[PDB]
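Student: Here you go, one structure.
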Amino acid sequence: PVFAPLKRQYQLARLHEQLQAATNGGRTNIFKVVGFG
Amino acid sequence: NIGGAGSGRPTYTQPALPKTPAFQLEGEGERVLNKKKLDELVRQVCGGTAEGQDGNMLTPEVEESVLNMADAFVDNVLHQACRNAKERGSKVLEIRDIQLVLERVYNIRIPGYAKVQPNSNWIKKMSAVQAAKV
Amino acid sequence: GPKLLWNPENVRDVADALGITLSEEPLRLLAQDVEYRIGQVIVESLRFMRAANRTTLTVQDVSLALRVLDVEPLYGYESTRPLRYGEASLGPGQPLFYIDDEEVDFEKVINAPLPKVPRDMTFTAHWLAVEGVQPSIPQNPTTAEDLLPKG
Amino acid sequence: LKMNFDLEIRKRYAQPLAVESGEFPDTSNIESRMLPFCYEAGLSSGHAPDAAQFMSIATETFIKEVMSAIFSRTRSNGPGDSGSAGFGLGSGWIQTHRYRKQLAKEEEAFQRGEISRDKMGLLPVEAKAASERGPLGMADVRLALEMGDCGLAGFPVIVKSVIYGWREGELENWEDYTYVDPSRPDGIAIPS
Amino acid sequence: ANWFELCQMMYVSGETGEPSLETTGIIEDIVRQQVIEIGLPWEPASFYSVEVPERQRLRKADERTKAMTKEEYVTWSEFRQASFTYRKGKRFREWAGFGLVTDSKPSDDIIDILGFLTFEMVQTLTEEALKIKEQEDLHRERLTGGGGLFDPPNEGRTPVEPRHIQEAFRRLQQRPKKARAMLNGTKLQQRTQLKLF
Amino acid sequence: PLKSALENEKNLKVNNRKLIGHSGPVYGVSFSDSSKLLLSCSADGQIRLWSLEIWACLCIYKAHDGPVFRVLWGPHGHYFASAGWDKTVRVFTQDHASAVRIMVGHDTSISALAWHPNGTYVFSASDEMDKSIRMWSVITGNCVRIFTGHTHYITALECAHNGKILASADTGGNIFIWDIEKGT
Amino acid sequence: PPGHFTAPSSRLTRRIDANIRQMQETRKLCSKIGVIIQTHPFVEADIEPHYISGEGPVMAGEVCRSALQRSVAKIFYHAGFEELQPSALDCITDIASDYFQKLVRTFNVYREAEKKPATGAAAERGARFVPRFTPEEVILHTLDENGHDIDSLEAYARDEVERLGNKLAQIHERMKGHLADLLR
Amino acid sequence: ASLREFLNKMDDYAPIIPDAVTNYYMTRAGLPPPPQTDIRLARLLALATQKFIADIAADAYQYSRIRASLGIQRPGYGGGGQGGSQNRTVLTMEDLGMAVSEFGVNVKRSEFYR
Amino acid sequence: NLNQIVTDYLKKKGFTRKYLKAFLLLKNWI
Amino acid sequence: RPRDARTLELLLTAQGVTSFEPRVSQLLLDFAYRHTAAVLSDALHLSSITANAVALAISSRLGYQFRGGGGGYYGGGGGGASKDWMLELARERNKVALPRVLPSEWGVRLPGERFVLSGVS
Amino acid sequence: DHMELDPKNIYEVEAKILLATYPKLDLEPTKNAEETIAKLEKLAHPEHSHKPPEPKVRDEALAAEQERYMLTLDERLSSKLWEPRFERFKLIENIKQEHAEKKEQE
């Protein structure tokens, strides 16, 4: 086994869930850029 | 309330006698008791506090350590207990698994909730060794 | 599964001591785990041995290795007495070995003389080589007894 | 047909941790955490009704044992055993000769009615001794972890966090120094 | 079972209130667990092959005894005789599971010793729980006028609670540091057997 | 005879002395840049600073978790480095009780150390599965070079005086000579 | 100096030798009664003259371990044993060595703890930090952590051995009387 | 009792452990020898060691005596030869293991190695 | 091939292609 | 000489050890015995016992010991800490500026009075 | 091969990346402590020159009580006294698309 703090695991899980919700499972690319700013 | 749809939704929708939701008319509130719990434990183990001072028995850095300890303990104990319960063919989690884990891994005994012998081959081997020694 | 250096018969004897009957699968698993633990202990002991600029393994290195791994210490293995094994015969081709231990009286142990005290630590000096040549003095090895390329 | 066991396990991360909120875990939080753990292991039925309270009691016992272990190795002159205070039949602290003498004298005097206890039941000597003690710091924890495990053998992360942190009281006095001086008794010159 | 015996023992030790059923149950489980878990051969005369013929509890108890009425004294004396095994051998054996863990039908001296020990355990538990409850109340301390027809005259006294008994049990399980001095400087967990307080 | 600055030990006649205070086997020692200071480390996880004028300890450093195997002064004697069982390299200054830099990146225990002649770089080597040498920057604390090729336990490391060559040896009898700038 | 490898002389080592001698004599009497065998007194050997350079302890593990084993054997004979298995003796000797080292390390741990801020009269005088354990507290904690107390040690060293000696003398008198009456 | 009076009386409470062993093990543990450390402290430490060993010895003897008078030794305490001589009490591995199990030590071995 | 991996990684990362000293020294030389 | 003692000695010899001490192999054998007994007892208490019980017992035991070995990439050796957590700690530490020193204090300054052995006699 | 990078080549790949990133170093020896001090001062980095952190630290009542009383037994609003994600809508959209696509074949 490998050991690490619980806070990091919980935060990473929450962030991954939010990202999966936002990107609709990778079917939408919210990071695209159009033009030249 | 069973079904999984949810409760309290103000939309367009029953048993004969539903159960009354919990409530508290007036008092300290859980937000204060939960925060005072740690100070209460410290007072309990510290022996006693003199008049005119209380609450500040741990520095800010030690309280975080204690809370982390509590979280880790809960998580580890539950994770071990659930797998142990599933091992023996059960489909539900009972207090016996938690008690076994607590006793055999942490040396903790909570009251109020309800052998080996050698076989013949070992005896024969010991008899042979003893006969050889004499 | 893989090939095991640890014979499952030792695990079988250990189980027999506790009045337990084992199938083949748990027996093999226990043998594999014991083998892995032995390997871990050997690695740690060799690490501690190399840290001290030595090539001789002692009991102290093994004890330190066991300490770093959080294993309960073993006591009584630092004795200066010789180690002798007996030999029992459970049958044709099935020998057993046991440690030789004879009861002794307290008089013999208490009255025995102490070992000899070695001399104190000290250091000397001499010339191992002068201008690339080794002098033939008592402090250097004899020419009678790999130090020169011949390609 | 089928039950989606992957929709309830994800609920574990919704509730905040004890460190995040500052609330000691209680029956409600443990009950909330129980179900995802059961579903992960394959316990379809769930858990017994009266397990959350058992878990809460166990957690309180564990924390109390740890904290008592730490306190015993760094404190002395605790309340006496005359009555209603002290450690009773548990393991107590050490005592000093002068404190013991004064405590015995006060205990003898109280039997004659000359002296009375305070509001919390402590005699003048016990209250005076308890007044001086300050809060628990990280130096005490570090010292207590050198003697033994203090019940934290199964939590290497906590111990490593204690060991790898800054020394207590170091960030504040970041520019306090001493000097080497063999003429001084200890070889150290303390600037005043 | 043994609920009323427990009540009498608590009363003798100083608990004059009316403890609920939970406290009695917890005490019963503790006592049952202890009982299930449960010159002289090692005297100096054993060093030789051939032997030859020869030739605060008290203070509180006294204060209470001085502070009781005649009826209270009679009740105290009658309750002092409470026992687990006095003329209850078959019931005690069934309750303690003698057959399942030992050869059946032990002598009566064993039963008398067990009764004595059980009385001691109950006394100790009550005495410690009372102190814990008193300290909790003392720390905690620091609107209906008129009156009805059934309200109590003065009240004010309450029995002990399961949490107090649990705290007392936690206190009674700690062992001396001598049993741990050999683990100093290491990270080894201490694992032992149930302590017979 | 050795001399002590203590007046009570005026003109004592002894040519060897003892430094006591470690509770475990001592694995490293280092004389400071005559030398007045000494460093030592042991299996108990501590680093001790001794005085060669009064022959007594002055400070203890408690940053490690497990045995410490090697300790080395800097090329000019104010900084020192250490490395042991927990797979980390730490750089200290004698004025501070906590390590000023922490260097992560090795996968196994450290078995060798070395400083650069200019006092701003450090070398380290690991054993077992990860037999590699690394060069760290003291300003940032990052790795800047990796050397691979060793097949045996690495026992010694050394850096040339000109500052452009590095030498290393293992238990197979081999000695490697590395170019620092090209990593070849 | 001579006697370095032998037990000191005090009121405690005496009365222990006396208890052992009384035990041996009464065992001889019991053997005679049973017949109706012989032993010799315990004597501790010493070492040949030894010289040391400078000033320091004699670091010889074998001799020290042998002397410790001799002491342990004497104690275990005082406890009432007559024969022994070598492996058990080796085990208990190892345990004794480990306990001694643990005790000394505890003393050192408590003596060299981090200081604490001064307060009260100490702060008024201008001092900033003071030791967090007084010399008495250090010793008391060292004894406590290892399961000892002043009262227990005093009682053991003052009363237990004397009581055992009195009991042994009474037993010897009774045995002598019984043998004499049997002879008559 | 007081620490000062006890240390002053330490003259009459010297243990049986020779000073050489005390110095050797103090040096191993990290404490200088008596010349730099009051001899009374070293004597006190040695006396504590003696008391600890005597307690273990008494426990072992008590364990041995209750056994004296099914009837098969417990596994894991291998040792012995013929079995001693006469009706003398023999300090064997079993009693020592049982006694030290109360102090947190484990001395389990194997009886036959094969 | 390691070269291919390194080149791919680099491309994907947008990598474009005073007097007292003198007196003492003089005295010591003298 | 028992069996597997010669095998352990041969294994040690085949790895560079040119000398030993008589008693090492006995220590290793007794350690193996004790480990087997402990694991067997744990498995028996867990549940005839299956392989799942043995695996669960080993997994439970691995929670408080055997946190070492020669593990490499993402192997739980040298304490068992994760590389990401150590990297975070290193990033936090390596952010501060190096101490300022002058030529007149280079080699003579020491930590504060709270972290030095002053007055321990 | 399968995987894009076998672990055993990680050290070599990292070494080559490091070689490409830091092509020039400062390998000039110093002769005394002052030179080392000057070199340390000159090479300071903005991202590694911060300061040590700071120690960690820890009338209307009647209206609030009236509101709390008036919200008695309210299942959902009482607890609060909200981050929408539209997960059910997205699930419905996905299922509808899958059903339509499958119907395309038939």
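FYI, nothing fancy with the structure tokens labels: chains A, B, ... in order, residues from 1 per chain, ligands from 1 as they appear.
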Please report, as JSON lines, each residue of chain G lying at most 12 Å from chain F, together with the nearest pair of atoms and the separation in Å rounded to one decimal; use only C-alpha atoms, and order rows by chain and ascending residue number.
Tutor:
{"residue": "G:52", "atom": "CA", "partner": "F:16", "partner_atom": "CA", "distance": 11.3}
{"residue": "G:53", "atom": "CA", "partner": "F:16", "partner_atom": "CA", "distance": 8.0}
{"residue": "G:54", "atom": "CA", "partner": "F:14", "partner_atom": "CA", "distance": 5.4}
{"residue": "G:55", "atom": "CA", "partner": "F:17", "partner_atom": "CA", "distance": 7.8}
{"residue": "G:56", "atom": "CA", "partner": "F:18", "partner_atom": "CA", "distance": 7.7}
{"residue": "G:57", "atom": "CA", "partner": "F:18", "partner_atom": "CA", "distance": 9.9}
{"residue": "G:59", "atom": "CA", "partner": "F:18", "partner_atom": "CA", "distance": 11.9}
{"residue": "G:101", "atom": "CA", "partner": "F:23", "partner_atom": "CA", "distance": 8.5}
{"residue": "G:102", "atom": "CA", "partner": "F:23", "partner_atom": "CA", "distance": 9.6}
{"residue": "G:103", "atom": "CA", "partner": "F:23", "partner_atom": "CA", "distance": 11.6}
{"residue": "G:104", "atom": "CA", "partner": "F:23", "partner_atom": "CA", "distance": 9.3}
{"residue": "G:105", "atom": "CA", "partner": "F:23", "partner_atom": "CA", "distance": 7.0}
{"residue": "G:106", "atom": "CA", "partner": "F:23", "partner_atom": "CA", "distance": 10.6}
{"residue": "G:107", "atom": "CA", "partner": "F:23", "partner_atom": "CA", "distance": 11.7}
{"residue": "G:108", "atom": "CA", "partner": "F:21", "partner_atom": "CA", "distance": 8.6}
{"residue": "G:109", "atom": "CA", "partner": "F:23", "partner_atom": "CA", "distance": 10.4}
{"residue": "G:111", "atom": "CA", "partner": "F:21", "partner_atom": "CA", "distance": 12.0}
{"residue": "G:112", "atom": "CA", "partner": "F:60", "partner_atom": "CA", "distance": 9.5}
{"residue": "G:113", "atom": "CA", "partner": "F:60", "partner_atom": "CA", "distance": 10.4}
{"residue": "G:114", "atom": "CA", "partner": "F:60", "partner_atom": "CA", "distance": 10.4}
Student: For residue D:17, list every protein, DNA or RNA residue within 12 Å, evaluated using only C-alpha atoms, and leave out those in the same chain fewer than 5 positions away; present the list as a count of residues only.
Tutor: 26
Student: Near stretch 113-130 of chain C, within 8 Å and counting only C-alpha atoms, which residues show up once chain neighbours fewer than 3 positions away are dropped, as number ranges by chain?
Tutor: C: 133-135, 139-140; G: 44-48, 50-53, 60, 62-63, 66-67
Student: Which residues come within 8 Å of residue G:81, counting only C-alpha atoms, excluding same-chain residues fewer than 6 positions away, as a count of residues only?
Tutor: 5
Student: Just asking: which residues within chain F are strand (DSSP E or B) according to DSSP, as a CSV table (one decimal) with C-alpha atoms, in the first residue's frame?
Tutor:
chain,number,residue,atom,x,y,z
F,26,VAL,CA,27.5,5.8,13.9
F,27,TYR,CA,27.7,5.6,10.1
F,28,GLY,CA,29.2,9.0,9.1
F,29,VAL,CA,31.6,11.6,10.4
F,30,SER,CA,33.0,14.8,8.9
F,31,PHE,CA,35.6,17.3,10.0
F,37,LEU,CA,33.6,21.3,14.5
F,38,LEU,CA,32.5,17.8,13.7
F,39,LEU,CA,29.3,16.2,12.4
F,40,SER,CA,28.0,12.7,12.9
F,41,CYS,CA,25.0,10.6,12.1
F,42,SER,CA,23.7,7.3,13.4
F,47,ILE,CA,22.7,14.5,13.4
F,48,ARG,CA,25.0,15.9,16.2
F,49,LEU,CA,27.3,18.8,16.1
F,50,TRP,CA,30.4,18.5,18.4
F,51,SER,CA,33.0,21.0,19.5
F,56,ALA,CA,31.0,18.3,23.9
F,57,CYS,CA,27.8,18.4,21.8
F,58,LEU,CA,26.2,21.7,20.9
F,59,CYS,CA,23.1,21.0,18.9
F,60,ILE,CA,20.9,18.2,17.6
F,61,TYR,CA,19.1,18.1,14.2
F,68,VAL,CA,20.8,8.4,8.5
F,69,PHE,CA,23.7,6.9,6.5
F,70,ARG,CA,25.9,9.8,5.3
F,71,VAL,CA,26.6,13.4,6.3
F,72,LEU,CA,29.0,15.9,4.6
F,73,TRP,CA,30.1,19.4,5.2
F,79,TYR,CA,26.3,24.2,4.8
F,80,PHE,CA,26.1,20.4,5.1
F,81,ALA,CA,24.0,17.7,3.5
F,82,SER,CA,22.5,14.4,4.7
F,83,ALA,CA,20.7,11.4,3.2
F,84,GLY,CA,19.4,8.1,4.5
F,89,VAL,CA,18.2,14.5,0.5
F,90,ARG,CA,18.3,17.5,2.8
F,91,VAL,CA,20.6,20.5,2.9
F,92,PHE,CA,21.2,22.3,6.2
F,93,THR,CA,22.9,25.4,7.5
F,101,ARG,CA,16.0,22.6,1.2
F,102,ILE,CA,14.4,19.3,0.6
F,103,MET,CA,15.2,17.2,-2.6
F,110,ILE,CA,20.6,6.9,-0.8
F,111,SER,CA,24.1,5.4,-0.6
F,112,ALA,CA,26.5,8.2,-1.5
F,113,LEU,CA,26.9,12.0,-1.4
F,114,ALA,CA,29.2,14.6,-2.8
F,115,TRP,CA,29.5,18.4,-3.1
F,121,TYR,CA,25.5,21.8,-6.3
F,122,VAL,CA,25.2,18.4,-4.7
F,123,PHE,CA,25.4,14.8,-6.0
F,124,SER,CA,23.5,11.7,-4.8
F,125,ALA,CA,23.1,8.1,-5.7
F,126,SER,CA,20.5,5.4,-5.0
F,132,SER,CA,21.1,6.4,-10.8
F,133,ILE,CA,23.1,9.6,-9.9
F,134,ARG,CA,21.4,13.0,-9.6
F,135,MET,CA,22.7,16.6,-9.5
F,136,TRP,CA,20.6,19.1,-7.5
F,137,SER,CA,20.6,22.9,-7.5
F,143,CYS,CA,17.4,18.1,-10.4
F,144,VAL,CA,19.4,19.2,-13.4
F,145,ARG,CA,21.3,16.0,-14.4
F,146,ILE,CA,20.9,12.3,-14.3
F,147,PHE,CA,23.6,9.7,-14.9
F,148,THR,CA,22.7,6.1,-15.7
F,154,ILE,CA,27.3,2.4,-5.7
F,155,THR,CA,29.8,3.0,-2.9
F,156,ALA,CA,31.7,6.2,-3.5
F,157,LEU,CA,31.3,9.5,-5.3
F,158,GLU,CA,33.9,12.2,-6.0
F,159,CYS,CA,34.1,15.5,-7.9
F,165,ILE,CA,34.6,15.8,-13.9
F,166,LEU,CA,32.8,13.3,-11.6
F,167,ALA,CA,33.9,9.8,-10.5
F,168,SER,CA,31.9,7.0,-9.0
F,169,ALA,CA,32.6,3.4,-8.0
F,170,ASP,CA,30.4,0.3,-7.3
F,175,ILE,CA,35.0,3.2,-11.7
F,176,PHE,CA,33.1,5.5,-14.0
F,177,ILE,CA,34.2,9.0,-15.2
F,178,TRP,CA,31.4,11.3,-16.2
F,179,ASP,CA,31.3,14.6,-18.1
Student: Could you pull out the alpha helix (DSSP H) residues of chain J, going by DSSP on the backbone, and write them as a VMD selection string?
Tutor: chain J and resid 5 to 13 24 to 46 51 to 61 83 to 93
Student: Write out as an MDAnalysis selection string the residues lying within 10 Å of stretch 10-26 of chain I, counting only C-alpha atoms and excluding same-chain residues fewer than 5 positions away.
Tutor: (chainID I and resid 4:5) or (chainID K and resid 17 20:21)
